[PDB]
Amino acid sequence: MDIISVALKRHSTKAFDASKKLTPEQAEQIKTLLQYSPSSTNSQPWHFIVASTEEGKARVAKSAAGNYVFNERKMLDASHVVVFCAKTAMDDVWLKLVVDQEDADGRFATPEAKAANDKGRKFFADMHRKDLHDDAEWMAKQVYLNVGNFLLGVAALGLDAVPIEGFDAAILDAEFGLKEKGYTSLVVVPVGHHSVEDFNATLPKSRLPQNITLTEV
């Protein structure tokens, strides 16, 4: 199906059917989407928690407390639930892991080619960590980009999903000990098939007119 039709027809699912699970093939496909998203300098400043078991989804759902109880059932009824996490700080060890992996994958023709890439990555990494002091935000933006790629991708797979910011990140981070591991949760994305209670499945989509948001030059 044409990608624009996918974009115009997908929606944020409000209720999922707990008896409908992803096929083993789709389960593998969503992980592929997560891994291959692009990122600034191929920095991949992220970690993903994919909850597919009843106990796993229950642990994530704990973060939907208080003013967020409305998002709890979404996390519990979906087939799979993805927690998008961003590193809390950019360290040289990670920078080395990335360029060594690119080297292992065969992207460099010579040693100086690898040296240049690393020097380049380091340059922009330091601009954010040392000059602007905003590497935390910088990395989080990369995670949000991944989320955007993911939502369109799952929709193109014929699966329902919903992006969720309505959860307590302090609770979720603690539930999985993310802080001490060097990460923090940003977005939760339940994936599966919608249920009869998905009131948003029949409502028309709505966006501002391009005459407001877009300028052609």
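Throughout, we count residues from 1 along the sequence that is shown.
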**Message:** Please compare 149-157 with 61-69 and say which has the higher mean C-alpha temperature factor in the record.
**Reply:** 61-69
**Fill in**
Assert higher mean C-alpha B factor (29-37 or 174-182, deposited values) equals 174-182
**Message:** Ranking the modelled residues of this chain by C-alpha B-factor as given in the entry, is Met1 in the lowest, middle or highest third?
**Reply:** highest
**Relative C-alpha B-factor of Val99, binned into the chain's lowest, middle or highest third** = middle
**Asked** According to the PDB entry, is the CA B factor of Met90 in the bottom, middle or top third of its chain, that is, lowest, middle or highest?
**Response** highest
**Prompt:** With respect to C-alpha B-factor, does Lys74 fall in the lowest, middle or highest third of the chain as deposited?
**Reply:** middle
**Complete:** Entry-reported C-alpha B-factor of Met139 relative to its chain, by third, is middle
